[PDB]
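Single-structure report; data block below.
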Amino acid sequence: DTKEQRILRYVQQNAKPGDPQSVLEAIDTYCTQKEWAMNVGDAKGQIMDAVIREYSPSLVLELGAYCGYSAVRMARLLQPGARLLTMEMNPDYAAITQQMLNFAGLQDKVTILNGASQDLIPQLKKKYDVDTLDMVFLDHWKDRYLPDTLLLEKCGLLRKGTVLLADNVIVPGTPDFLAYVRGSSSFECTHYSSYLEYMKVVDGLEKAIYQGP
Ligand SMILES: O=C(NCCCCCn1ccc2cnccc21)c1cc(-c2ccc(F)cc2)cc(O)c1O
Ligand SMILES: [K+]
Ligand SMILES: [Mg+2]
């Protein structure tokens, strides 16, 4: 019995099926009252919602699904026909995420990609019929934000206006990614100061809009 299994069971027994909002509130209650977990959380989740609403992206790529908290948060705000691709290296987490999406009634909007980002990013065009991405949500290995950003550009997956949104730029922190995007003429950056999920600890999101090469 894992923490992720306990989160999924709590949602199933405390949220309303097909109600994404109740699923998010059930996750946040469980993680505030029982066991901390690396979901983006409500504080940064509110910033994510404001960003999703501004850009109304048609195709979103998420790197790191975990229990599906951020996939539910983003997918519930997507327009009819808009899609989310979420990459998850951990098969146990990928099965929790699918079950979370199923319970929330968002399964038709989200596709889980099983594997490592360095292996899956180059397959996006020919295997997943992707042209360019509207938005990218980075929430995987912190040391991969920079290489994956560079790999997405190499693969021709970024367009003028592609919104990159990165979690945990303060804690655990992504110093090379932050130094790179902020220093690059190919990105327009904005920092959104917030708090680490379920904790009185400063964290933040970085928005980096791709401007072309
Ligand atoms: O580590 C975090 N996330 C990444 C988890 C591993 C993802 C692995 N993975 C998934 C898809 C994928 C594809 N390719 C390659 C690798 C891939 C994380 C950690 C903290 C945290 C922890 C302790 C602490 F004291 C404070 C904060 C908080 C967060 O919000 C986090 O997100
Ligand atoms: K999450
Ligand atoms: Mg995170």
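Residue numbering restarts at 1 for every chain of the structure tokens, chains are lettered A, B, ... in their displayed order, and ligands are numbered from 1 as they appear.
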
Please identify every residue of chain A that has at least one atom no farther than 6 Å from an atom of ligand 2, counting only C-alpha atoms and all ligand atoms, and for each give the shortest atom pair and the distance in Å to one decimal, arranged by chain then increasing number, as a tab-separated table.
```
residue	atom	partner	partner_atom_place_in_ligand_line	distance
A:39	CA	ligand 2	1 (K)	3.6
A:40	CA	ligand 2	1 (K)	4.4
A:66	CA	ligand 2	1 (K)	5.8
A:68	CA	ligand 2	1 (K)	5.8
A:69	CA	ligand 2	1 (K)	4.2
A:70	CA	ligand 2	1 (K)	4.1
```

Just-selected residues, C-alpha atoms written as a PDB file, in the first residue's frame:
```pdb
ATOM      1  CA  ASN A  39       1.337  17.607  -6.207  1.00  0.00           C
ATOM      2  CA  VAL A  40       1.581  21.187  -7.522  1.00  0.00           C
ATOM      3  CA  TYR A  66       2.736  11.968 -10.484  1.00  0.00           C
ATOM      4  CA  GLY A  68      -2.570  13.368 -12.009  1.00  0.00           C
ATOM      5  CA  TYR A  69      -3.243  16.445  -9.806  1.00  0.00           C
ATOM      6  CA  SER A  70      -1.849  18.976 -12.355  1.00  0.00           C
TER       7      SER A  70
END
```

Inset, instruction - Identify all residues of segment 121-197 of chain A in alpha helix (DSSP H) (DSSP on the backbone) and supply them as a PyMOL selection string. - result: chain A and resi 124-127+145-154+175-183

10 Å contact set for residue 115 of chain A, only C-alpha atoms, chain neighbours under 5 positions out, as a JSON list (two decimals) with C-alpha atoms, in the first residue's frame:
```json
[["chain", "number", "residue", "atom", "x", "y", "z"],
["A", 87, "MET", "CA", 4.73, 12.04, -19.75],
["A", 88, "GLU", "CA", 5.28, 9.77, -16.74],
["A", 89, "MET", "CA", 8.43, 7.61, -16.27],
["A", 90, "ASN", "CA", 7.11, 5.74, -13.17],
["A", 91, "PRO", "CA", 4.58, 3.03, -14.24],
["A", 94, "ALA", "CA", 1.14, 6.40, -14.50],
["A", 120, "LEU", "CA", 9.50, 10.36, -25.83],
["A", 121, "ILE", "CA", 10.10, 14.02, -26.88]]
```

Give me the chain A side of the contact with ligand 1, cut-off 8 Å, one line per residue showing its nearest atom pair and distance in Å at one decimal, counting only C-alpha atoms and all ligand atoms, sorted by chain and residue number, as a tab-separated table.
```
residue	atom	partner	partner_atom_place_in_ligand_line	distance
A:37	CA	ligand 1	28 (C)	7.8
A:38	CA	ligand 1	29 (C)	4.5
A:39	CA	ligand 1	30 (O)	5.8
A:40	CA	ligand 1	30 (O)	5.3
A:63	CA	ligand 1	11 (C)	5.3
A:64	CA	ligand 1	11 (C)	3.6
A:65	CA	ligand 1	10 (C)	6.4
A:66	CA	ligand 1	10 (C)	6.9
A:87	CA	ligand 1	11 (C)	5.3
A:88	CA	ligand 1	11 (C)	3.8
A:89	CA	ligand 1	11 (C)	4.4
A:90	CA	ligand 1	10 (C)	6.5
A:115	CA	ligand 1	13 (C)	6.2
A:116	CA	ligand 1	14 (N)	3.6
A:117	CA	ligand 1	14 (N)	3.8
A:118	CA	ligand 1	14 (N)	6.5
A:139	CA	ligand 1	32 (O)	5.0
A:140	CA	ligand 1	7 (C)	3.8
A:141	CA	ligand 1	4 (C)	4.6
A:142	CA	ligand 1	4 (C)	6.6
A:144	CA	ligand 1	15 (C)	7.1
A:167	CA	ligand 1	30 (O)	6.4
A:168	CA	ligand 1	30 (O)	5.6
A:171	CA	ligand 1	27 (C)	5.6
A:172	CA	ligand 1	27 (C)	5.1
A:196	CA	ligand 1	30 (O)	6.9
A:197	CA	ligand 1	30 (O)	6.6
```

Under the rule of at most 9 Å, produce a per-residue listing of segment 69-146 of chain A near segment 47-57 of chain A: chain, number, name, the closest pair of atoms, and the distance in Å, as a tab-separated table, using only C-alpha atoms.
```
residue	atom	partner	partner_atom	distance
A:70	CA	A:48	CA	8.7
A:73	CA	A:49	CA	7.3
A:74	CA	A:52	CA	6.9
A:77	CA	A:52	CA	7.1
A:78	CA	A:56	CA	6.5
A:79	CA	A:56	CA	7.0
A:82	CA	A:57	CA	7.2
A:83	CA	A:57	CA	8.5
A:133	CA	A:57	CA	8.6
A:134	CA	A:57	CA	5.4
A:135	CA	A:57	CA	6.3
```
